[PDB]
Amino acid sequence: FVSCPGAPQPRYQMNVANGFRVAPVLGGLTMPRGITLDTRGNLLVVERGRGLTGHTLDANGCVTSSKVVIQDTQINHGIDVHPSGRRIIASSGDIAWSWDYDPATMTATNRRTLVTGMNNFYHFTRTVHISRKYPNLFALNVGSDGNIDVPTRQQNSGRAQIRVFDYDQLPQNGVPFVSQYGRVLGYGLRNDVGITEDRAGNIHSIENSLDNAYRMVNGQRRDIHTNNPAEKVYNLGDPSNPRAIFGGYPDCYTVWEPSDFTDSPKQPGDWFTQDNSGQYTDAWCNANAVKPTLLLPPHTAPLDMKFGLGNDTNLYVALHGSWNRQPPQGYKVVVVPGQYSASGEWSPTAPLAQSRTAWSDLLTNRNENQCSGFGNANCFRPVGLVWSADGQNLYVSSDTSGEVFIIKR
Ligand SMILES: O=C(O)c1cc(C(=O)O)c2c(n1)C(=O)C(=O)c1cc(C(=O)O)[nH]c1-2
Ligand SMILES: [Ca+2]
């Protein structure tokens with residue numbers, strides 16, 4: 001395999017790990033965000049500002065034709081296909097809807113309003129994940145309204161949190177996100193755009209953390225943003241038994257670089273607060289917040305993740321790349337090694353405190369540190385991931401470059 005028939009050349013230099021090949025399958029798309037595959041293996045793409053587009057595939061996984069499945073200017077990221085293959089769910093910043101779906105023709109009909117009132121202008125993606133273990137259940141993310149959204153201390157803020165809804169219980173015209181139907185799976189989660197599940201049905205989420213981090217040291221503001229805080233994954237567990245896991249936000253953040261913490265020694269994965277005073281101190285975080293399972297580098301901006309299939313026991317993560325770091329970093333797909341229990345529960349191989357070095361590059365730009373976005377510096381910016389059912393092809397969207405790629409074993 002070298003390339004897909006009729007597909008455009010990649011816009012940018014793309015390097016891949018040993019044993020893989022990469023090629024574009026789609027170009028010139030309008031802000032392609034979330035992607036998935038239906039039950040007949042067709043590719044579905046949210047083209048933010050256009051709608052859901054549907055793409056038939058050949059035996060190599062190349063795209064042969066495209067059509068508009070949902071003509072809608074408001075759906076802006078989230079998309080999933082029910083395990084039955086006969087329903088899809090997609091969202092704007094404000095509302096999640098379902099449609100009846102027929103994979104034979106990639107046709108969406110009979111729109112139904114599910115969940116309402118979610119809009120904010122700061123973090124406006126509403127990631128959708130339908131539980132594969134419990135197919136009547138679906139999760140929705142609502143990120144914070146602001147870098148440090150203090151009201152998110154309360155669950156009933158309806159922000160920086162993921163709720164699980166039972167489709168079969170929803171009134172016909174839908175429900176507010178903050179309602180008894182939206183059961184809090186995790187809160188204190190700044191912006192958890194990437195959501196997936198392991199083979200046991202546990203929900204794992206991945207977080208975009210704090211911008212412009214500082215640490216108060218003897219009353220002076222130390223700028224620690226270059227290498228703090230960590231991006232991170234949470235294991236939110238069984239979505240049929242939601243328990244409102246507290247992830248720490250808006251007060252507690254996760255150490256990436258310990259050398260930024262001179263007042264008292266820290267390890268990667270430890271909690272810190274910006275001020276370390278009043279009620280919400282470092283010690284308070286230790287006693288009250290649930291730790292993530294693994295770390296990824298500051299500002300890398302994970303937007304999706306997917307587990308490998310079959311005998312591939314890795315987690316794959318799309319890192320959109322930073323704006324709040326000099327030099328920039330991310331702009332890649334990475335691999336995190338792990339293992340499964342007998343029941344299919346995934347865990348990373350590295351202990352949390354050793355996880356800074358545990359990931360590795362799968363798909364990269366020429367040099368992530370060269371990706372400023374001014375002049376000729378431009379890079380592909382991974383957003384969405386999906387594996388083919390045979391585990392041989394991994395699709396990757398890049399919103400700002402208008403591309404979808406296939407990574408082939
Ligand atoms: O720290 C950063 O440099 C940085 C970069 C990006 C990015 O440009 O994608 C995001 C974030 N942070 C972030 O915190 C966040 O919630 C976020 C959401 C998105 C998105 O594309 O949906 N990008 C980013
Ligand atoms: Ca950030």
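Basis for what follows: all heavy atoms, side chains included, without hydrogens, waters or symmetry-related copies. Counting starts at 1 for both ligands and their atoms, in listed order. By convention here, the first residue in the shown sequence is residue 1.
In this structure, the side chains of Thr116 and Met118 stay at 4.5 Å or more apart for every pair of heavy atoms. Within the 4.5 Å cutoff, the side chain of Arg112 has heavy atoms near those of the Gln172 side chain. Between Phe261 and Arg215 the shortest side-chain heavy-atom distance falls below 4.5 Å.
Taking both residues in full, the closest heavy atoms of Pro302 and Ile206 are given as CB-CD1, 3.5 Å, listed atom of the first, atom of the second, then distance. Considering all non-hydrogen atoms of both residues, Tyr331 and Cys379 come closest at CD2-CB, 4.0 Å. Here the closest heavy-atom approach between residue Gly143 and residue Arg159 is recorded as O-CB, 3.8 Å.
Residues that satisfy the ring pair (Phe, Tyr, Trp, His ring centres under 6.0 Å) test with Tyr187, not counting sequence neighbours, are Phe246.
For the Ca ion (ligand 2), protein N/O/S neighbours under 3.0 Å (waters excluded) are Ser209 O, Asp211 OD1.
A salt bridge links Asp304 to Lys306: one of the charged nitrogens lies within less than 4.0 Å of a carboxylate oxygen.
Under the ring pair (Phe, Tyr, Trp, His ring centres under 6.0 Å) criterion, no residue pair touches residues 13-33, with sequence neighbours excluded.
The protein residues lying under 4.0 angstrom from ligand 1, judged by non-hydrogen atoms, are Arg33, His123, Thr125, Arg190, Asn191, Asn208, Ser209, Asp211, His299, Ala301, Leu303, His320, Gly321, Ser322, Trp323, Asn324, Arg381.
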